[PDB]
Amino acid sequence: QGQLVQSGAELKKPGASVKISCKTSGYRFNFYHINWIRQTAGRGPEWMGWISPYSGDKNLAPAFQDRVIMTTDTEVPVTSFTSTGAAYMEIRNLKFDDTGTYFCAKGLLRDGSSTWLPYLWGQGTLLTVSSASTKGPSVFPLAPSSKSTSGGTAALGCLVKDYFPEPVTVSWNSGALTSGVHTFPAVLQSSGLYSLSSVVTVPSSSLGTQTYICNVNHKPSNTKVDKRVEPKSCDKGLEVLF
Amino acid sequence: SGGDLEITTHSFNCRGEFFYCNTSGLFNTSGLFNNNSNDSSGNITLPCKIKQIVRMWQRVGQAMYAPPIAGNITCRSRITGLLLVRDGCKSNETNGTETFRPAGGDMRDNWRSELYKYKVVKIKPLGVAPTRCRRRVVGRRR
Amino acid sequence: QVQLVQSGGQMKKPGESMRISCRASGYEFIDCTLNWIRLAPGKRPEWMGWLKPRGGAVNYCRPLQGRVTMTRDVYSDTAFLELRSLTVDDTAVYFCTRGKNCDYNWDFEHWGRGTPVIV
Amino acid sequence: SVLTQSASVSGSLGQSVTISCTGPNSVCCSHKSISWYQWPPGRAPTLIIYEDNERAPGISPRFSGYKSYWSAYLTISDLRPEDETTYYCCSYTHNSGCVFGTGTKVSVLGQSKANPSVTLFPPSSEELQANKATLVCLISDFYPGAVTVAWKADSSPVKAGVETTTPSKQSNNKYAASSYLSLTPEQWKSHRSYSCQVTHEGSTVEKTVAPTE
Amino acid sequence: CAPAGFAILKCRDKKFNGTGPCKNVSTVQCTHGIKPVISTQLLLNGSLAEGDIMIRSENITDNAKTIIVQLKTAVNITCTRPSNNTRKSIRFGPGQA
Amino acid sequence: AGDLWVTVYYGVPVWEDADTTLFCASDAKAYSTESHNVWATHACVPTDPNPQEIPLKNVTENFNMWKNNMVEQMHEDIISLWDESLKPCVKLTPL
Amino acid sequence: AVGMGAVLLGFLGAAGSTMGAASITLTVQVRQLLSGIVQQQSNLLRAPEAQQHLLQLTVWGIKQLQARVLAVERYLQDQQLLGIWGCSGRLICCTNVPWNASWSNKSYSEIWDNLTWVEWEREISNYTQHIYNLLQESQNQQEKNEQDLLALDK
Amino acid sequence: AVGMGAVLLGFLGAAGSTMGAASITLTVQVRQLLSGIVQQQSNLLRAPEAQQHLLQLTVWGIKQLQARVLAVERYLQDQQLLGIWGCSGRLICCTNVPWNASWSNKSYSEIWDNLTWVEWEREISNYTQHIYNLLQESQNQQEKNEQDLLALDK
Amino acid sequence: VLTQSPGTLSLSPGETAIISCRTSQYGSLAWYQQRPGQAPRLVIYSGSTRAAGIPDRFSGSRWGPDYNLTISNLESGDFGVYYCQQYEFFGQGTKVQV
Ligand SMILES: *[C@@H]1O[C@H](CO)[C@@H](O[C@@H]2O[C@H](CO)[C@@H](O[C@@H]3O[C@H](CO[C@H]4O[C@H](CO[C@H]5O[C@H](CO)[C@@H](O)[C@H](O)[C@@H]5O[C@H]5O[C@H](CO)[C@@H](O)[C@H](O)[C@@H]5O)[C@@H](O)[C@H](O[C@H]5O[C@H](CO)[C@@H](O)[C@H](O)[C@@H]5O[C@H]5O[C@H](CO)[C@@H](O)[C@H](O)[C@@H]5O)[C@@H]4O)[C@@H](O)[C@H](O[C@H]4O[C@H](CO)[C@@H](O)[C@H](O)[C@@H]4O[C@H]4O[C@H](CO)[C@@H](O)[C@H](O)[C@@H]4O[C@H]4O[C@H](CO)[C@@H](O)[C@H](O)[C@@H]4O)[C@@H]3O)[C@H](O)[C@H]2NC(C)=O)[C@H](O)[C@H]1NC(C)=O
Ligand SMILES: *[C@@H]1O[C@H](CO)[C@@H](O[C@@H]2O[C@H](CO)[C@@H](O[C@@H]3O[C@H](CO[C@H]4O[C@H](CO[C@H]5O[C@H](CO)[C@@H](O)[C@H](O)[C@@H]5O[C@H]5O[C@H](CO)[C@@H](O)[C@H](O)[C@@H]5O)[C@@H](O)[C@H](O[C@H]5O[C@H](CO)[C@@H](O)[C@H](O)[C@@H]5O[C@H]5O[C@H](CO)[C@@H](O)[C@H](O)[C@@H]5O)[C@@H]4O)[C@@H](O)[C@H](O[C@H]4O[C@H](CO)[C@@H](O)[C@H](O)[C@@H]4O[C@H]4O[C@H](CO)[C@@H](O)[C@H](O)[C@@H]4O)[C@@H]3O)[C@H](O)[C@H]2NC(C)=O)[C@H](O)[C@H]1NC(C)=O
Ligand SMILES: *[C@@H]1O[C@H](CO)[C@@H](O[C@@H]2O[C@H](CO)[C@@H](O[C@@H]3O[C@H](CO[C@H]4O[C@H](CO)[C@@H](O)[C@H](O[C@H]5O[C@H](CO)[C@@H](O)[C@H](O)[C@@H]5O[C@H]5O[C@H](CO)[C@@H](O)[C@H](O)[C@@H]5O)[C@@H]4O)[C@@H](O)[C@H](O[C@H]4O[C@H](CO)[C@@H](O)[C@H](O)[C@@H]4O[C@H]4O[C@H](CO)[C@@H](O)[C@H](O)[C@@H]4O[C@H]4O[C@H](CO)[C@@H](O)[C@H](O)[C@@H]4O)[C@@H]3O)[C@H](O)[C@H]2NC(C)=O)[C@H](O)[C@H]1NC(C)=O
Ligand SMILES: *[C@@H]1O[C@H](CO)[C@@H](O[C@@H]2O[C@H](CO)[C@@H](O[C@@H]3O[C@H](CO[C@H]4O[C@H](CO[C@H]5O[C@H](CO)[C@@H](O)[C@H](O)[C@@H]5O[C@H]5O[C@H](CO)[C@@H](O)[C@H](O)[C@@H]5O)[C@@H](O)[C@H](O[C@H]5O[C@H](CO)[C@@H](O)[C@H](O)[C@@H]5O)[C@@H]4O)[C@@H](O)[C@H](O[C@H]4O[C@H](CO)[C@@H](O)[C@H](O)[C@@H]4O[C@H]4O[C@H](CO)[C@@H](O)[C@H](O)[C@@H]4O)[C@@H]3O)[C@H](O)[C@H]2NC(C)=O)[C@H](O)[C@H]1NC(C)=O
Ligand SMILES: *[C@@H]1O[C@H](CO)[C@@H](O[C@@H]2O[C@H](CO)[C@@H](O[C@@H]3O[C@H](CO[C@H]4O[C@H](CO[C@H]5O[C@H](CO)[C@@H](O)[C@H](O)[C@@H]5O)[C@@H](O)[C@H](O[C@H]5O[C@H](CO)[C@@H](O)[C@H](O)[C@@H]5O)[C@@H]4O)[C@@H](O)[C@H](O[C@H]4O[C@H](CO)[C@@H](O)[C@H](O)[C@@H]4O[C@H]4O[C@H](CO)[C@@H](O)[C@H](O)[C@@H]4O)[C@@H]3O)[C@H](O)[C@H]2NC(C)=O)[C@H](O)[C@H]1NC(C)=O
Ligand SMILES: *[C@@H]1O[C@H](CO)[C@@H](O[C@@H]2O[C@H](CO)[C@@H](O[C@@H]3O[C@H](CO)[C@@H](O)[C@H](O)[C@@H]3O)[C@H](O)[C@H]2NC(C)=O)[C@H](O)[C@H]1NC(C)=O
Ligand SMILES: *[C@@H]1O[C@H](CO)[C@@H](O[C@@H]2O[C@H](CO)[C@@H](O)[C@H](O)[C@H]2NC(C)=O)[C@H](O)[C@H]1NC(C)=O
Ligand SMILES: *[C@@H]1O[C@H](CO)[C@@H](O)[C@H](O)[C@H]1NC(C)=O
């Protein structure tokens, strides 16, 4: 039932400060430690610290003891055994190689040799410390394409191009359609920009009737895009059924 | 807006005599604060009516006659709260407003006013839970 | 079951007054709150004010503030309402109404039989 | 990490496979408690084991643990398609942060095969209105993920402007990738046949789309 | 006071609403000293609010339910019957007066 | 031939909401026995000089002042004490 | 974690604490069942004969008696129960009844190091009286076995 | 012969049954001593505070209190007795007191496989309180022997 | 405060009728039918809760600002004008007739 939700992505100048959030829900906040772990560029995982919402007792790894600042809010009781809460982490003087996925994680037990142990991890919060500016997603629509035309199936989607930094969160039909959706990854080009593609596999029958719209967003560059996918294809690949 | 005297007035007793003070003065309004160079501000006196034959709790309980205390009397209480009730109907949406009036019908609100921070529970001392302890000649190998 | 028997509907003229009673039974007259909801041609059922028969505590609807006067004889268990400065528009059938329970006034399961006043 | 676990281990579906964890007397092992996480890259990890012997809630008895005086271990049996992720160990005490292992990626041998479902798209009018037109090809639902790319405009090996992505695992337990081709609408009109061909265990399927052929 | 095996729970939240969770609770066997004051409109000689003045109601929207205000700082009210009224005993037997 | 068994604990720290009879305890500072009080009667047990209030650490408890038998208890006590107090007193019906 | 002398004063003091930690405070909850919450700084004279008039029939008089008798009324039920489970005079009593995963499938630490009693009793809320019935059914199947033994035993 | 769950419901169910068979039903008779006969299909809320008026001084009000207190009054006597026999918390308690043929000279089976308890208690009707006195006299001669032992034991 | 949609709508005994009601602020929403000569009888009060003697035909539903009222198997004894109540605020009203 428990649930830890972290803040959105941020792009920071090297040498700058930043504060990451972690809003908890579904369980008693002060009953469990909140940890902080990051996935470094070439150093894999990396536990940074933990903190008690109850006692305020901290434990920071020697590496960050004078770099990051663990803090917490007071719990708001929801039920007899559930409460909302918020936890933070301010890693100042951001050096490079700090770019990675930052995690908060609640403890395991309440009494024992493994109380603080990271059990319920959050979403992650991708940090990108860099000089490079921010750039939005140039959203275009992808025309219909029948893969297995003998049966009649097909696929449509949206192409995200020329943007930085990651990530991009795509959705279909105002955040309702889930069946057949598939968001591919992306690569660092020569320039430095990123670019993904999101496909929702649906046939060429319900083209002129049902609506399909890609709901693309980019928190670092702060953009929210809605695009109508055109039901048309002047090519010999799909034009067989009609 | 109406009711028994005790409800349309401020009621209480000092040294035993039961009072019914006109709270009209306390509710004229005077909401906009200018202070008027700190003038026109001393006491605010309410006319009080006094009665001896008195019946509380309505029907339950008999009527009581309060014998007079000889000589003049005066008591000081501290006002620690109020009991209000809102006039409610459709009115001017913008920029209209709601008006409030005093109520004293049910004494239970006096009791709720003090007890709000309390609740009573029953303790349930019996408890049952799994354990690697069996009975008779065993408590896990010994 | 409870029931609220009512008065006969009198015939009146504008610029006058009216008084219509309502006797209750089957429940402790004091413990529960009674309302007065009249119904005119075509308009939404108009609530005029509730009456708590403990100490005659009342709460009148804004347009009726001045004309309406809800009282009660706690001894004869009768609910009274006076309405002065009459109009042909305030003409309606009148219904004394108490809720489902004493914990909530607004679920009017119990209505009295309509009293028809003519102006 | 200082606490070194194995690089990569191979297991056979249905049977078991072990992962070791070891370091100096400090990071391991006596007077040090050991935990284990499956950490699917790109997703939040999952605690499998915490007190070496002990398993997290809802965890299968498949996963079992053992710590000797010098090494920690992790048996995982009745192998499944979902166990092809990378796992981590950690050494900790009752009052001290985790010292994560170096990581161990796991391969589940003797599983079925799937063919890359290609879906090539043309550059939309919006792209052609820039003017900057790029081709969009995407393979999916294939394993093993060890695949390679070979674009062909008029049956020629293309160099500049061709960017490919590393194959990622899916909710279908299979691997998937994607590759693009950035050019201009002037080049797009036209250079014979723009083909998108990709290989996997010999099977090199092709799904082509061109403006003339 | 509650019987044995029972207990009263006291909400120590300084900005309590009346309903719902209490973060700061304490068990007691007996309620603190409560004077039974019978008054109307004005609540006399009672307990003030710790945080700030408080409004409480089962639901404010239901106009038929009393608003209960709790001041933070008390307001002295001094009432009086100023006349020197002499009293007489009037007997009617046997010694009933 | 098992692993886990039912084990019984007495003195377990659990409670449930409950309605019960509540008795009264008075501060006992009323020296004058002659001038006795209608509410703080002789039946009120003497107060504790030290009121022990135990902080329930880690406890969140739900309240609802609007459904609390204490006030109905308190209310019916009040009107019963008032009635009992004039029960012995003289009737004034000849007036 | 507090001292042995404080444990005595801390009624319901391990209420929000973990189930394993609550065991030091079993006696203090028990003592309350009859005597209410303990008094420290002051310990007045609680002897008999404090009703010197007809005050035993008044509001408080009756109320007190009701509260006094109810208090023991309830105490005995809890005892009699423990008794017919064969756990008389035990604050922690092992039984013959095996635990059922359907009741709960949490490990030791998943309970004792993770739950509060009221929290756990709420989980076992449904299966409780049925257990109470097994506890008692066990005790009987024991008493049966004893008479069985007394028969073969000449 | 019925099931373990029925045994719980069958108060005085082995009344006409043989003495040996009655032992499975000892707990169910005990539970009745305070709570009366058990209820199965329905189990209502038996909590406190059901007297909302001056009804505690009425016919039934007084009667109930009398019945409530008498019920525990008696329960304790039976317990205190078992206690000073050294049989506290035992539904079947062995003693040091040897049986007397004058009391009864029936074999095991002549009793346990042939008599009902009320039948047998009627035979032992005369010699009962005297036994109750030996049971208690034994317990004392035990306590004496312990103090004896504490003296030699330094 | 209460926009009782629709305006007015009468139909046959066979077709199942549906009446909705918009909401400004939270509050218990009830309904009443004004039959010939009779008083507005309570039919559905909390939302999904039926009154004394109300058959399964009547059924209330929906979450959020809107709230519905549904009855099948209509009769001449089910004629009259309905109303939508919230606190002291009523709705316009909708009717089924000949
Ligand atoms: C809220 O709250 C508030 C507060 O809390 C409140 O208020 C309050 O109230 C209360 C009550 O009411 C009060 O108290 C009261 O008071 C009163 C007065 O005082 C004063 O005086 C006294 C004396 O007396 C005398 O005088 C007077 C005048 O002055 C008069 O009035 C009277 O009556 C008397 O007379 C007498 O004498 C004369 C001569 O002179 C003759 O002529 C005649 O005949 C007679 O004989 C005195 O004593 C006092 O003193 C006090 O004070 C001072 C200061 O000021 C001090 O120096 C002193 O010492 C004293 O003090 C003490 O205490 C305190 C505490 O309290 C402390 O603090 C100190 O330190 C000390 O210790 C003055 O000066 C009086 O009177 C009263 O008494 C009464 O009551 C009580 C109860 O309450 C009791 O206890 C007593 O015993 C008495 O009793 C009586 O009465 C009652 C009724 O009232 C009854 O029931 C009884 O039984 C008896 O009876 C008898 O007698 C009567 C007469 O008295 C008659 O009528 C009958 O019939 C019989 O015979 C009290 O104390 C207060 O004050 C107040 N406060 C304020 C601030 O205000 C309120 O209420 C509330 N509210 C609500 C709503 O709740
Ligand atoms: C809105 O409504 C409000 C409520 O409705 C209104 O509130 C009212 O406001 C009034 C003022 O505005 C208040 O009036 C004040 O009263 C006090 C009362 O003190 C006297 O009584 C005490 C006990 O009663 C005795 O006296 C009375 C009267 O004589 C007798 O009837 C009694 O029987 C009893 O008799 C005994 O004493 C006499 C001798 O006095 C003997 O002969 C008898 O045998 C008895 O033994 C009493 O203790 C006082 O005695 C002290 O003062 C005497 C002088 O007055 C002195 O001789 C004594 O020795 C004694 O002093 C010593 O003892 C005290 C003990 O505490 C020591 O503190 C002190 O230091 C000495 O050691 C007194 O007899 C009255 O004192 C007040 O007077 C002050 O305020 C006025 C305001 O106008 C000033 O002008 C005065 O100067 C005075 O200021 C004093 O304090 C200054 C320092 O701050 C100091 O510098 C001054 O020199 C001076 O000492 C008030 O008059 C009223 O109480 C109040 N009511 C309520 C319910 O709140 C409000 O007004 C209204 N407003 C509006 C705008 O509408
Ligand atoms: C006495 O007086 C009191 C008042 O003093 C009365 O109290 C209230 O009574 C009402 C009932 O009478 C109680 O019930 C609430 O009903 C709400 C109605 O919601 C409907 O209408 C809204 C209109 O906006 C609509 O959004 C809802 O549907 C949405 O969700 C579904 C599922 O996702 C989706 O299918 C819909 O299309 C809607 O979602 C779309 O639209 C949204 C528009 O904002 C978008 O945000 C969304 O992304 C999507 O595009 C629904 O149809 C209901 O909303 C209330 O839920 C509250 O409270 C619950 C507890 O009661 C709690 O469990 C919920 O999570 C929610 O809490 C939200 O707010 C708090 C504020 O801090 C957050 O912490 C929560 O996490 C949550 O916010 C998050 O989630 C939101 C939705 O995802 C999101 O917008 C937001 O940004 C956060 O991310 C209730 O169920 C009500 O609880 C009572 N109290 C109060 C305070 O209102 C009382 O009745 C009266 N007594 C009597 C007898 O009458
Ligand atoms: C409703 O109406 C009511 C009636 O009108 C009204 O009641 C009255 O309210 C006032 C408050 O406004 C009551 O209190 C008065 O307050 C004055 C100010 O108090 C300040 O001083 C206190 C004492 O300071 C000691 O320590 C200092 C340290 O250096 C010394 O400098 C002082 O000299 C003093 O010395 C101490 O040590 C000496 C050693 O040698 C020793 O002799 C001496 O006696 C004393 O012990 C402070 O404690 C106080 O500060 C506290 O609070 C603040 C925060 O608020 C903290 O920061 C502090 O740390 C501290 O905790 C104040 O600064 C007092 O001057 C006034 O004096 C009366 O009482 C003293 C004894 O305390 C008497 O000696 C003196 O004679 C005064 O008369 C009293 O006695 C007579 C005779 O019995 C009696 O008739 C008279 O009525 C009065 O009781 C007094 O304390 C006042 O008492 C109330 N009166 C009544 C009748 O109730 C009420 O407010 C109204 N309410 C509303 C809402 O409207
Ligand atoms: C209400 O709810 C809350 C929240 O659920 C409950 O609080 C929970 O309480 C439990 C039990 O008390 C805690 O578990 C314990 O966690 C500690 C963690 O250690 C921290 O504190 C160390 C010092 O602790 C003392 O000081 C603090 C104040 O700071 C006091 O509050 C304590 O009570 C103690 O007096 C500290 O040394 C550690 O810091 C390390 O790092 C820093 C930074 O570098 C350095 O400064 C330090 O020097 C140190 O290096 C750390 O911050 C554990 O120590 C406990 O483990 C012992 O006990 C276990 C069994 O309970 C056992 O499994 C362990 O192995 C260990 O065993 C002990 O005994 C062994 C016997 O052989 C010894 O060999 C062994 O060395 C050890 O001495 C325990 O796990 C929860 O953390 C806590 N929850 C939260 C969120 O904080 C509360 O109980 C509830 N109830 C009430 C009534 O409040
Ligand atoms: C400490 O105790 C809490 C209970 O108060 C444990 O939380 C519970 O954990 C289970 C999973 O372990 C949650 O879901 C379960 O899911 C299965 C199906 O997957 C279902 O069959 C179960 O009935 C149960 O729903 C459960 O919701 C959750 N309870 C709460 C209130 O969050 C917690 O895991 C314990 N801590 C440890 C370390 O074990
Ligand atoms: C108690 O049993 C429930 C099932 O009755 C456990 O639920 C587990 O849920 C996960 C969900 O991914 C499954 O993978 C497991 O197979 C389930 N376990 C079992 C035994 O069925 C639950 O985790 C168990 N523990 C607790 C604390 O509830
Ligand atoms: C309020 O009423 C009081 C009555 O005492 C009066 O003195 C005051 O002037 C009034 N103020 C207003 C604004 O009516």
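Pairs of Cα atoms under 8 Å, at least six residues apart: use those to get the relative contact order of chain A, whole percent. Please list the in-between numbers first.
Working: 596 pairs, mean separation 45.2, N = 242.
Across chain A, relative contact order equals 19 percent.
Using only Cα coordinates, the Kirkwood hydrodynamic radius of the protein assembly as shown works out to 39.5 Å. May I ask which of C:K12/C:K43; A:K95/D:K159; E:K10/E:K65; D:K113/D:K152; A:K106/E:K14; C:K100/F:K87 have a Cα-Cα span longer than 31 Å here? Checking Cα-Cα distances, A:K95/D:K159; C:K100/F:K87 exceed 31 Å. Beyond 29 Å, the tail of the calculated P(r) for chain H holds 39 percent of the Cα pairs. Summarised in one figure, the compactness ratio Rg/Rh of region C:70-119, Cα atoms and Kirkwood Rh, is 1.03.
Each principal axis of the Cα atoms in region G:1-45 has its own extent, and those three values, largest first, are 37, 21, 14 angstrom.
Note on region G:1-78: Cα convex hull, mean projected area over all directions, 7.2 nm². In order along region I:88-98, the phi-based Karplus estimate (6.51 cos²θ - 1.76 cosθ + 1.60, θ = phi - 60°) of 3J(HN,Hα) comes to 9, 9, 9, x, 3, x, 9, 10, 10, 9, 7 Hz; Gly and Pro are listed as x.
The shape of region A:1-131 can be summarised by an equivalent ellipsoid whose semi-axes, obtained from the alpha carbon gyration tensor, come to 26, 15, 13 Å from longest to shortest. Partner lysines whose Cα lies under 20 Å from the Cα of A:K135, excluding those fewer than 8 positions away in the same chain, are identified as A:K12, A:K13, A:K161, A:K219, A:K224, A:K227, D:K132.
Relative to the globular-protein estimate of 2.2 N^0.38 Å, the Cα radius of gyration of region D:111-211 stands at 1.12. Sorted from closest to farthest, the other copies place their G:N145 label points 2.9 nm away, with each point set 7 Å from Cα along Cα→Cβ.
Quote the Stokes-Einstein diffusion coefficient, in whole µm² s⁻¹, for chain E, based on the Kirkwood radius over alpha carbon pairs, a temperature of 4 °C and a viscosity of 1.567 mPa s.
Here the translational diffusion coefficient equals 72 µm²/s.
Run a plain Debye calculation on chain D (Cα atoms as equal point scatterers, no solvent) and give log10 I(q)/I(0) at q = 0.08, 0.18 Å⁻¹, rounded to two decimals, same order as the q list. Summing over Cα pairs of chain D leads to -0.44, -1.14. Counting only DSSP H runs of at least 4 residues, each contributing -39500 (n - 2.57), and dividing by the residue count of the protein assembly as shown, the helix-based mean residue ellipticity at 222 nm comes to -4500 deg cm²/dmol. The string of couplings for region D:156-161 from the Karplus curve (6.51, -1.76, 1.60, θ = phi - 60°) is 10, x, 8, 10, 6, x Hz, one whole number per residue in order, with x for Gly and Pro. Taking a straight line from the alpha carbon of G:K154, these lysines sit under 25 Å away, with near neighbours fewer than eight places off in the same chain left out: G:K144, H:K106. Ratio to report: Rg/Rh of region D:1-91, with Cα atoms as the point set and Rh obtained by the Kirkwood method; give two decimals. That ratio is 0.94, to two decimals. Rg of the Cα atoms in region A:132-242, relative to 2.2 N^0.38 Å, amounts to 1.14.
Mind checking region G:14-69 for trypsin sites (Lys or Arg not before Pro) that DSSP puts in a loop (not H, G, I, E or B) and that have at most 13 other Cβ atoms within 10 Å?
Qualifying residues, ordered by number: G:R46.
Here the scattering of chain I is modelled by Debye summation over its C-alpha atoms, one equal scatterer each and no solvent; at q = 0.21, 0.23 Å⁻¹ the log10 of I(q)/I(0) is -1.08, -1.32. Looking at the protein assembly as shown, the DSSP beta bridges with both ends there are about 95 percent antiparallel. Under 5 Å from the amide H of A:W172 lie the amide H atoms of A:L177, A:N215, each residue being 5 or more positions distant or on a separate chain, with H modelled from the backbone and absent for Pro and chain starts. Of all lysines in the structure, those lying under 20 Å Cα to Cα from E:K15, and not within fewer than 8 positions of it along the same chain, are B:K117, B:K119, E:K23, E:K72, F:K57, F:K67.
Where a number appears in this text, it was derived from the coordinates with a stated rule and is not lab data. Counting neighbours? That spans all protein chains shown, and the Cβs are built from the backbone with ideal geometry, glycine included.
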